[PDB]
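Coming up is one lone chain in structure tokens, specifically the form solved without the partner chain.
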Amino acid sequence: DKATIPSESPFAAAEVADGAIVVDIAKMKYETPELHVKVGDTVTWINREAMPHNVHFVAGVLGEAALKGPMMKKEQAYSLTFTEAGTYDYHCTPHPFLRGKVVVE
């Protein structure tokens, strides 16, 4: 696969370090819709609102299987580490028009 999962379940956003690579979700937007990172970088999504959100990479994107992330409640977070250069689109399962992209060089 082209990424690994530090934590299979969501965790408390307060645990994320300042200066960690963070994508906020709010007002039905990934606050950084095209994120540029390097191989080995760990990306953390944080849900800032009461509507639950996830990140969903369809089959083909990070491997032959889809990576459907767990639903994050308000102030919950979820990380992925990108291990291979490429460009990876994702969306939120229940809200397919909430979408983003990670560019890994």
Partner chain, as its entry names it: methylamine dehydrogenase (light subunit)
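Positions refer to the first chain, counted from 1.
With 33 to 41 and 52 to 60 compared on mean CA B-factor from the PDB entry, the stretch scoring higher is 33 to 41.
Comparing 85 to 93 with 15 to 23, the stretch with the higher mean C-alpha B-factor in the PDB entry is 15 to 23. Sort the chain's modelled residues by C-alpha temperature factor and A66 lands in the middle third, per the entry.
Remark: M28 belongs to the highest third of its chain, ranked by C-alpha B-factor as recorded.
Not pictured, yet referred to below: the form deposited with the partner chain bound.
Within 4.5 Å of the partner chain in the deposited complex, a heavy atom is found for all three of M51, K73 and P94. For the chain shown alone, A65 is not a contact residue for the partner chain in the deposited complex, no non-hydrogen atom being within 4.5 angstroms. Using a 4.5 Å cut-off on any heavy atom, the one residue of 1 to 35 that reaches the partner chain in the deposited complex is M28.
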